[PDB]
Each structure stands twice: as structure tokens, then as C-alpha cells.
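In what follows, every chain begins at residue 1, and chains take the letters A, B, ... in the order their sequences are listed. We count ligands from 1, going down the list as the structure has it; atoms in each ligand are counted the same way. Note that these values count all heavy atoms, side chains included, but never hydrogens, waters or copies made by symmetry.
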Amino acid sequence: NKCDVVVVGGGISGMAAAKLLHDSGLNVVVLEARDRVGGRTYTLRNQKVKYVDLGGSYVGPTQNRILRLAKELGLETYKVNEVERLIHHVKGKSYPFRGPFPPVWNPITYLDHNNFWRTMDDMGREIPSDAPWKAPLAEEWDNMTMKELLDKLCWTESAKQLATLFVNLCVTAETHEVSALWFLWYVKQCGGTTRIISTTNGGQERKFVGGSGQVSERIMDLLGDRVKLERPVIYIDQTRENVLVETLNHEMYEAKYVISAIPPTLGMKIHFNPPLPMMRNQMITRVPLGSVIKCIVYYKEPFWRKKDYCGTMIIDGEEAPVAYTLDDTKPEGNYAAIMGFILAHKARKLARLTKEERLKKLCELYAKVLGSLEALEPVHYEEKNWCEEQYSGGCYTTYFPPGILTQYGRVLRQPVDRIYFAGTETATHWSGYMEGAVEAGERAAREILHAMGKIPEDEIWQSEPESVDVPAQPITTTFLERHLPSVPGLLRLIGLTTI
Amino acid sequence: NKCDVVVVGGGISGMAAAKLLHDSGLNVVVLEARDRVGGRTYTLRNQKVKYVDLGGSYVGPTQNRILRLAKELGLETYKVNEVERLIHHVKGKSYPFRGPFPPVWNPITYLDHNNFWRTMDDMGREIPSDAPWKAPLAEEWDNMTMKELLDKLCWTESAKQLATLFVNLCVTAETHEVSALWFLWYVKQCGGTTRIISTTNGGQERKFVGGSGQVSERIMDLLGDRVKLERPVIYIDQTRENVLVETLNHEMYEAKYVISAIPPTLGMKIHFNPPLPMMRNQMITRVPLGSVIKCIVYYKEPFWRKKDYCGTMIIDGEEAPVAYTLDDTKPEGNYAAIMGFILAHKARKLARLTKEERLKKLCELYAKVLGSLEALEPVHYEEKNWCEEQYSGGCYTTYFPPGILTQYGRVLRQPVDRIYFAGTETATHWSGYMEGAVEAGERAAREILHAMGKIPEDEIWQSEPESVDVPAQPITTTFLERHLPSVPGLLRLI
Ligand SMILES: *[C]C1=C([C])[C]=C2C(=[C]1)N([C][C]([O])[C]([O])[C]([O])[C]OP([O])(=O)OP([O])(=O)O[C][C]1O[C](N3[C]=NC4=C3N=[C]N=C4[N])[C]([O])[C]1[O])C1=NC(=O)[N]C(=O)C1=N2/[C]=[C]/[C]=[N+](\[C])[C]1[C][C]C2=C(OC(=O)N([C])[C][C])[C]=[C][C]=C12
Ligand SMILES: *[C]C1=C([C])[C]=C2C(=[C]1)N([C][C]([O])[C]([O])[C]([O])[C]OP([O])(=O)OP([O])(=O)O[C][C]1O[C](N3[C]=NC4=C3N=[C]N=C4[N])[C]([O])[C]1[O])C1=NC(=O)[N]C(=O)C1=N2/[C]=[C]/[C]=[N+](\[C])[C]1[C][C]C2=C(OC(=O)N([C])[C][C])[C]=[C][C]=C12
């Protein structure tokens, strides 16, 4: 019933917000729609897998907030396997490699690939993390899809195909679905292309021992009966002295402030009194989440390692159900597994099949890519199609179609009277990730502490000390990477010498 | 409590559905979120205006369903004033004209304009009204915005600027916001460019005497206590023998079937048990409504008529708050008024101002365009910003961003167990309009009648006889319009 702050949503962001407020001495209640906490994180446990992350899983250097929170809760990380060679599978053939970027030998194609990644980062540098709409060319870039940008930038099909896969994998959406400004912001606010795509030294370096679901679970353990499961929020009334929050199961909660820690669009599931301001009212109808099925195929042994493959496959082409895999074997070396994502339109297309049919297609793909008949002998399979989730809307996160971020972006974390906004979508560093969830939850919590006069304004946004356990190597470039011309750049250089 | 069919939403679509089912002998309940019916239609009455449509207003030839429904309810139409000249205001100057399309004199620009409109219709002919995702080039066209298409098609800035205005005015969204496939479908399913843009012999020919809100009001009068106002639906449970529908004010309704007659995205405001199928679950997060403020400035007299202007203004350019106006004077010739739309990003931008500040900006614009100081002396002002509406989401209708229609379009009117889908967005002829609202409401109603075994399958979709009061003249083209080359076509010929 009565409390200081109601947190709507018991994902990492809501739980981090609730914990901070609780630790500060406030009376908090977490209202969670599902019969579980964790939201877009979910760790399944059974005898066949021991544990497996079916939602958010990877953490890495520069994600210091999630690392710190998890460490405080008694959790540990381990390194995702990248000892052996990665595979880039292109036009029906596998090309093993090392280093984060799939290499190319053709001089023209090399210039094009180099320029593509470089340009993503160049453009990113013009985009403020906390205000992408303030980029000098914000409107121009927001009024273009990533498809248009790639069409302009990539002078080879090779680069365009890899760039497309990059977009699909990064934001679980098609290149034509998303704003170029938003996508460029998204990559930049994770630290750029190298950081976001890397396993070693990047976002995919690590996983939590026992699963990421433990973060939300262990905060629930700390909060006890303050977390209310199967309490979907249906109504928020701010017309009176205290804010009134009603749930579907007919309960009423009364608070001084509210934190909305749900995906922006899921705000639509709540009826507001008074109505939301016009800009937020429309914003929450313009911000869908991506489409993905996370699939884990289990094997007797990590047989790929014997062939000097680490388990990473970057698989181009329409025919492949999965465009990206990582070794998901336990740190102990047992429960051998390959994790793969079925992305964007393929998540829609292949959802029509049965679980067994998807398993078959994945095994046959992996057998081809790994050149290994052993891939046809799975021992177990788990999957989760996040498109079906009423209380997520999709995964990994919210994307912005062309035109939306410049028109509505400033609304995202603007308080509405006594409602403050958390959720990974409102983060400024690793938004879209568990890291961003922590940043946004704690920031929203501190906004309320400031509103209550408990902390000064300069304490709302707080820096995070670098993890001692997961130190971050700087992102470096070579002289040639910095200065080699683009394809059109080379052509202009030819034109001038000829004239 | 217990009934045959619960209709969620008391707009024209929900009301038309409820009326049909009621007339067939079923017990219907309409659950309406607001304290009024009509939804995206709203007629305000006061002494200063008598009545004024602040939402949907225009009807015209080929919209036979809304015309028939309104006639049955005892309503009449009158003709929007287009006796005198229209105005196209371009680069700070007014150019009066007659006919539906704003003309150009430069030969290259003429070819470009002619080709633009022609190409819109050419492309539309390949798009099935009832299945746009089945167009031969559906994916190619859906993966492009209208901005991209216009950049390809328009070889002159003149044509691109007019085409952009056309898009903004048609779908209250920016060219870069919307799918090319969806936009081309939208125009085609209204009968093409000429039909959609025309006052005389087109969508803007007429208004209802006394306001369009009377359609929903008069059906509410018929249904009596079956219409429940201030009953926002929050929960639908289909796990049991009868469907259970719960409202925000704590009431529970039990029915054999449900019609969802709300904008697709507003389905998000309802918690579903069991959860919606994946495709609908995501679809309803991908389909926003446009942005518009409808503004009506009142004057002592329709002074523009004295200068041989009808009141229609097509106003190019960023500076102009309003890109399009029509004479909104009563058929009797009193309550002289100009109706203007503030469109898309301008609705967002100018909402920051006060009502008085917007009035000043509109009056100064109209004075410039009409070349009349009289425009600076308004006697009254009414406006409505539809962006602020929790239970509409915007106006006029739902638009589809790139990639959405092909991936999710088939989901729109696919039943979910015992829930059937009405609402103008699900129509196949004048979707987006009051006409489409009627089509979809009656179709959804008949789906349920068929499910109950009361009518055969071939009766679900029903043709509509042409209105005797508002007959449609055919759309014609000239030989030169059909065969004159595009700009690139002329260049290839050279
Ligand atoms: C789903 C998912 C998946 C499948 C995956 C993933 C993910 C996801 N992610 C994301 C995460 O998870 C997120 O972010 C988080 O979790 C969020 O949180 P928050 O904010 O808190 O939210 P949520 O969870 O949702 O919560 C909410 C809550 O609430 C509730 N509700 C609702 N409604 C309501 C409620 N309540 C009451 N009432 C009402 N009304 C619900 O229920 C809930 O609970 C992630 N993340 C991280 O961190 N990590 C990871 O891993 C993840 N994942 C993924 C990712 C991937 N990635 C990374 C990828 C891989 C690779 C890559 C790349 O690379 C490349 O490209 N290459 C290599 C080529 C060259 C890049 C990029 C990307 C990537
Ligand atoms: C808003 C608006 C405005 C402002 C305007 C307009 C409109 C609108 N429109 C549309 C209409 O209105 C619609 O469609 C209808 O109404 C719809 O219906 P429905 O479907 O039924 O829906 P609604 O109404 O929304 O209803 C629903 C209901 O539900 C409820 N809810 C919600 N949620 C809920 C509920 N309940 C319970 N629960 C829950 N949860 C609500 O509340 C409601 O009630 C229109 N239409 C028509 O027809 N007409 C008109 O006029 C209109 N408007 C407009 C238009 C415009 N236009 C046409 C334009 C002008 C000119 C043009 C052109 O031309 C050109 O371009 N040029 C000349 C240049 C060269 C073209 C095109 C367009 C145009």
C-alpha cells in the first residue's frame, strides 16, 4: 500500500533503482508484471544445461556499473572462449581468422571495409552520448535509414553485406527499419565499433557464472517482500497529494514518487491520469523493440576446438538462420554448447517452425560452417523467442525508426511530474545492455533523492570506477587504418593524377 | 455484464459494428474510454461557431458507406466551397488557379510534376487494396521511405516540394517517416491521386450539416444504455468459455465475441490473457499515428470570395505554420471561417506556443496568402491538437514506417481467437477515413455473424451501392498526361 517510491518493473534497472533507494533508507516497493524478476534477462536452470542465459548474457570491459553491482551481490564472471580461430562464412565457404574484424585481402574491398568501420566511428564522434539530437547533422542523419547510409558508404557488396550483418546483430532490426542517427549514436555510446564487436577486449568478453538472472534475483532476496510479483501496473494517478499506482490484480499502491523501469513503449500498457504530455504520449507509440530468437545447441564435447575453431561464426547470407554464434560451453569445459541468434526478419520468418525444425536447421548450418558432421549430433536444445513477450515487446532493446530520435528523443528521460524514467533505453553509456540498465536505474533513483533534497544536483549523475577484475584495454588504430583512402577517395586521387 | 458481443471503442467503426449486430438481434455493449463517443471525430457546439468539426470532417464521392450510414441516421451533406479560385503560394507569392492540381509553366517542371502524380498512380496499380504486401515489388518499396522515393523521382525542387506537402497533408507525417509501399497503398485505396486530392469530385467535396460527430452520437442514441462511457478497457481474458472484458472503473463484461475498434497501437493499453500471438504483440508497437493540429479561424464575412478566392490555399515552405486550408463557412454563408491543418513536425514544433500565439501566426499567414488585411481581424478561433489524445494517439490515422507493412501487415485484421478487428486502419477502401471506419466495423461485425453460423462466408465482405446524393464522376486523364515523357525519359530521348 503506502511507501516512498514505487518502482514499476523488476528488471535490472528497476532492481538497481530499488536497491539504491532502499540502501538510502527509503521505503520502496517493486511492482513486477511477471511471476519472476529479471525481465530481458532470464536464466533457465535444469539438469541438462545446469544454467543458461536465454536473455541478456554478455558483459565486458568498460561496463563497470553492472560489474560492480554483480560483484557486490557475490557474483563472478568468466571469459567467453576465444582461444582458437573465429570463422567468417561468406558465399558458402568458411574463412578462419583472428582479431575482432573479419579480414579481407582484395585491395579495393580492403579500402572499403576499412572506410566503413572508420566512418561509423567518425560520425559517432559528432554525436553527444547524452543528447544525440544535438549532433550538427542530427536531422540529416535521422531522416535516413541505415540502409540508405550503407548504400552511400559501401562501394563493395562485401562491405555492405558485412555492415548489414553488423546492424542486424547489433540492434536486431533491418537496416531499412532504423534511423542512421540513432544507430550511429547506439554504437558510439558503447565506445565505438571495435569495443562493441569484440569478444576479447569488448562487450562479449564475459558472462556471469551461474547466469545474469542472479543479479535481479539477488536484489529481490535483499528486498524481500518489497518485490510484488504478478503485479502488472495498469494505472497511475498523479492528481492528488500522493501518487496512486494500481495493478491488474486490483491492488493500490501509494507513493511520493514513481520510477518507470519498463521499455518505453510498454508505458502504453498504463492508463495515465492526468494524460501524459503530448510529446511522451506520441513517443511511446514510435519506439518498437527488435526481434530475436536466442538459441543454444548442446553437444557432448566442444568438438570445434579440436579443429582450432573457438566457436565464433559470422555467417553471411539470407539462407543462414543464424548470422552469429559464440561458444557457450561452461568455464569448466562441460555442457558444450553453441549459442546463436536468429535476427530481425528471420526471427519472424522462422518462428513459424517447430522447436525441432529450428534445431535441425541450426545443426545443418553449423555442420556446414564448421565442416563437422559432429554438429549434426546435438544432445540438448534450448531457445527463447523474445518477440512473443507481452512484458518485453522484443529484444535486445528499443530501436528508433527514421525521424523519431530528433523529434521525440529529448522526452525519453524527462520526468512527468513525480514519475522518473529508468530502463536501459534511457542510459547514456551502453544503453541497450545490462550496463545501461544499471546506469539508468541508479540515475533515476538519484533524481528522486535530489527531488527530496537528500542529495545535491551534481550527484544525480555519478561516474563509475573501473573494474579491477575486468580492466579495459584502450581502442587503438594503425597509421594505415587512419589514413588509407576510401574507394571514392582513391578514385578522386586517380582523377587528379590523370588530369 | 453478460452479452453477445463487446465492442471496444465508440468511434464510427465501433458504433457501425455495434449497430449492425444490434440490428441483427444480438445483445451488444460498447465500451468507450472517453466521456463522449466519436473518437477521432468530434463536433464542438457553442454560440460563436454553432458547430465545428475538430476531427474528421470531409466526405465525398466513392465514400458510399459513410454516406449511407449518415443518411439512415437522418444527416445531410453540403458542398465545401470551391466556386472561386484556389491559391498555390510558392516562394512568397500567391498563384491563383482552377482544377485540382496546382499548375506549373516551366516545361521541364511541367514534365516532372506530371510524371510525379502519374507515377504514384502507376505504382498503385500494382498494389492490391486488400493485400499491399502482395505487390510484386512489395519488399523493395516497403524498404524505402517516401523521402527516398521522392529523391529518385523528382528531378525538380518544385515537384519535390509539392510532393512533400502532398505526403505531409495526406498522412500527417514526414516523407522520411513513412514506407513508400504503405503510402502508395494508402493513395491507391482511396482511388488514386486525383480522387484523394480533389474537393469537387473528391474526398473533400462535402461536410455533414451539423457535424460528423452526429454519426456516433445518433448511433449512441439508438443503442441507449448499451453504450458505456468512461469505460476504458484494460484487460481481455479468453482462457474460458466466454470472453471476459475488464474496464479501468472495475467493471467486468462477459461476451461470446469481442470487436476491437480502436487504433491498432492502442491495443497496447489492454493486457491480454493468454498473451497475443508474437506477430500481433510486436505489430502493435510498430504502428504510430500522425501529428496534426486542426485550426479554424472565424471572420465576420467570407471576405476572400470578394477577391475571387474560394479559401483553398496550398502553401509551400517551412515557415508557413499551415500548409493547407479550406473554406469552413457554413452552407448558409454565415460563421465565415478558414480551416487549416498544422502538419507533422510543425504540429510538434508549434504546440509549444499558446492558442493566442498560434492564432496570430495563422492570421498573418492568411493575410499574406490572401493578400488581405481582413485576415488580421478574426472574430473567433477553435483548434484541437490530436497529438495530446491518450485514446487516439494522433490523427488522422496510423502510418507504417519502412519495413513494417510487409512484415506485419497481414496481422492487422487477423482474428485472435474470439477477438475480431475493426477500426479504419483495417479497411480496404478509404482506410484512414470515416468511410474506412464504417467498412471495417461492418465487416468485423459480419465476421462474427459468420462465426455464429448466421450468414455464409461470401457475405462477410459486402459491396455498397453508389450514393444517389453524391454520385462519383470518373477520373480521367488527357493523352498528353498519359504519354508525355519524364525528365529522365526526355533526356534518354535526347
Ligand atoms: C532479450 C535479450 C537477448 C535475447 C539478448 C541480449 C539482451 C536481451 N540484452 C539486453 C538486456 O537484457 C537488457 O538491456 C536489460 O535486461 C534491460 O533491463 P531493464 O532496463 O531493467 O528492462 P527489462 O529487463 O525489460 O525490465 C522491465 C521489467 O518490467 C516489467 N514490466 C513490463 N511492463 C510492466 C512491468 N511491470 C509492472 N507493470 C507493467 N506494466 C517486465 O516484466 C520486466 O521484468 C543484452 N544485454 C547485455 O548486457 N548483454 C547481452 O548479451 C544482451 N543480449 C544480447 C546482446 C548481443 N550482442 C551483444 C551482440 C553479439 C555480437 C554483437 C556485435 O558484434 C558484431 O556485430 N560482430 C562480431 C560482427 C563483426 C555487435 C553488437 C551486438 C552484438
Ligand atoms: C483527428 C482527425 C483530424 C484532425 C482530421 C481528419 C481525421 C481525423 N480523419 C480520420 C477520421 O476521423 C478517422 O478515420 C475515423 O474517425 C476513425 O474511426 P475509428 O476507426 O472508429 O477510430 P476512432 O475514432 O479512433 O475510435 C476509437 C474509439 O476507441 C476509444 N478507445 C481507445 N482506447 C480504448 C477505447 N475505448 C475503450 N477502451 C480502450 N482501451 C476511443 O476513445 C475512441 O472513441 C478524417 N476522416 C475523414 O473521413 N475525413 C476527414 O476530413 C478527416 N480528417 C482529415 C482529413 C484531411 N484530408 C482529407 C486532407 C485534406 C486535403 C488532402 C489532400 O489533398 C492534397 O494533398 N492536396 C490538395 C495538395 C495537392 C490529400 C489527402 C488528404 C487530404
Side-chain angles (χ1 to χ4, degrees), chain A residues 8-14 31-34 37-41 54-59 66 100-102 162 165-166 169-170 196-197 203-204 231-234 261-263 266 269-270 292 294 314 324 341 384 386 391-392 395-397 422-425 430 432-437 440-441, chain B residues 8-14 31-34 37-41 54-59 66 100-102 162 165-166 169-170 196-197 203-204 231-234 261-263 266 269-270 292 294 314 324 341 384 386 391-392 395-397 422-425 430 432-437 440-441:
Chain A
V8 180
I12 289 174
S13 200
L31 301 177
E32 165 59 42
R34 293 175 164 111
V37 293
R40 283 174 271 174
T41 67
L54 292 179
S57 189
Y58 302 103
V59 294
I66 183 66
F101 295 91
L162 180 58
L165 187 154
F166 171 53
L169 179 52
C170 191
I196 206 172
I197 74 157
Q204 286 66 256
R231 266 73 168 198
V233 171
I234 57 165
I262 64 181
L266 295 193
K269 300 211 139 304
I270 303 166
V292 60
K294 188 173 178 78
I314 296 162
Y324 191 70
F341 291 120
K384 188 161 182 67
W386 287 86
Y391 296 111
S392 294
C395 259
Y396 328 133
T397 198
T424 191
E425 284 88 350
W430 296 94
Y433 291 72
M434 302 182 282
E435 168 69 12
Chain B
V8 180
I12 290 174
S13 205
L31 302 178
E32 166 58 44
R34 293 176 164 110
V37 293
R40 283 175 269 174
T41 66
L54 292 176
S57 188
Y58 301 103
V59 296
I66 186 62
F101 297 91
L162 182 59
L165 185 153
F166 170 52
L169 181 51
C170 192
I196 207 174
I197 74 156
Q204 287 64 259
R231 266 73 167 198
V233 172
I234 58 167
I262 64 184
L266 295 192
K269 302 211 138 306
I270 304 170
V292 61
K294 189 174 175 81
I314 297 162
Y324 189 72
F341 290 121
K384 190 161 181 64
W386 287 87
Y391 296 109
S392 296
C395 260
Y396 328 134
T397 196
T424 190
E425 286 87 348
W430 298 95
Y433 292 70
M434 301 183 282
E435 168 68 13

So between A:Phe166, A:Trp386, A:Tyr396, A:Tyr324, whose heavy atom ends up nearest atom 6 (C) of ligand 1?
-> A:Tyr396
Nearest non-hydrogen protein atom, atom 64 (O) of ligand 2 = B:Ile197 CA, 3.5 Å
For atom 45 (C) of ligand 1, what's the nearest protein heavy atom and its distance?
-> A:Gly56 CA, 3.5 Å
The closest protein heavy-atom partner of atom 1 (C) of ligand 1 is A:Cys395 SG, 1.6 Å
Top protein contact for atom 50 (C) of ligand 1, by heavy-atom distance = A:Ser57 N, 3.3 Å
With heavy atoms of B:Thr41 as the reference, note each atom of ligand 2 found under 4.0 Å away.
-> 12 (O), 16 (O)
Is it the side chain, the backbone, both or neither of A:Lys384 that has a heavy atom closer than 4.0 Å to ligand 1?
-> neither
Taking only heavy atoms of B:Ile196 into account, list the atoms of ligand 2 that are under 4.0 Å away from them.
-> 63 (C), 71 (C), 72 (C)
At under 4.0 Å between heavy atoms, which part of B:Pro100 makes contact with ligand 2: side chain, backbone, both or neither?
-> neither
Taking both backbone and side-chain atoms of B:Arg34, is any N or O found less than 3.5 Å from an N or O belonging to ligand 2?
-> yes
Sequence neighbours excluded, which residues qualify as ring-ring contact (aromatic ring centres under 6.0 Å, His included) partners of A:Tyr391?
-> B:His271
When you measure from atom 40 (N) of ligand 2 to every protein heavy atom, which one gives the shortest distance, and what is it?
-> B:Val233 O, 3.2 Å
Quick check: does A:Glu32 get an N/O under 3.5 Å from an N/O on ligand 1?
-> yes
Taking heavy atoms and a distance under 4.0 Å, where does B:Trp430 meet ligand 2: side chain, backbone, both or neither?
-> neither
B:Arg40 versus B:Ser13, side-chain donor and acceptor atoms under 3.5 Å | no
Who's the nearest protein heavy-atom neighbour of atom 21 (O) of ligand 1, and how far?
-> A:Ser13 N, 2.8 Å
Nearest neighbour of atom 65 (C) of ligand 2 from the list B:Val292, B:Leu165, B:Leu169, on a heavy-atom basis = B:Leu169
B:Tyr58 N/O to ligand 2 N/O under 3.5 Å = yes
For atom 58 (C) of ligand 2, find the nearest protein heavy atom and state the residue, atom name and distance (0.1 Å precision).
-> B:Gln204 OE1, 3.2 Å
Region of A:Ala422 engaging ligand 1 - heavy atom pairs below 4.0 Å = neither
Relative to ligand 2, is B:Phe101 under 4.0 angstrom through side chain, backbone, both or neither, heavy atoms considered?
-> neither
A:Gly203: heavy atom below 4.0 Å from ligand 1, yes or no?
-> no
Under a 4.0 Å heavy-atom limit, does B:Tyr433 contact ligand 2 with its side chain, its backbone, both, or neither?
-> both
What protein heavy atom sits nearest atom 31 (N) of ligand 2, and how far off is it?
-> B:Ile262 CG2, 3.5 Å
Any idea which of A:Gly432, A:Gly436, A:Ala437 brings a heavy atom closest to atom 14 (O) of ligand 1?
-> A:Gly432
Name the closest protein heavy atom to atom 22 (O) of ligand 1, giving the residue it belongs to and the distance to 0.1 Å.
-> A:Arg40 NH2, 3.1 Å
shortest atom 36 (N) of ligand 2-to-protein heavy-atom contact is with B:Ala33 N, 3.1 Å
Looking only at protein heavy atoms, what sits closest to atom 48 (O) of ligand 2 is B:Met434 N, 2.8 Å
Measuring from the heavy atoms of A:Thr397, does anything fall under 4.0 Å of ligand 1?
-> no
Who pairs with B:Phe166 by ring-ring contact (aromatic ring centres under 6.0 Å, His included), at least two apart in sequence or on another chain?
-> B:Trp117, B:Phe183
Can you tell me the protein heavy atom closest to atom 26 (O) of ligand 1 and the distance?
-> A:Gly11 CA, 3.4 Å
Minimum-distance protein heavy atom relative to atom 29 (O) of ligand 2 = B:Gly9 CA, 3.2 Å
Polar proximity ligand 2 side, B:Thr424 side, N/O cut 3.5 Å exclusive = yes
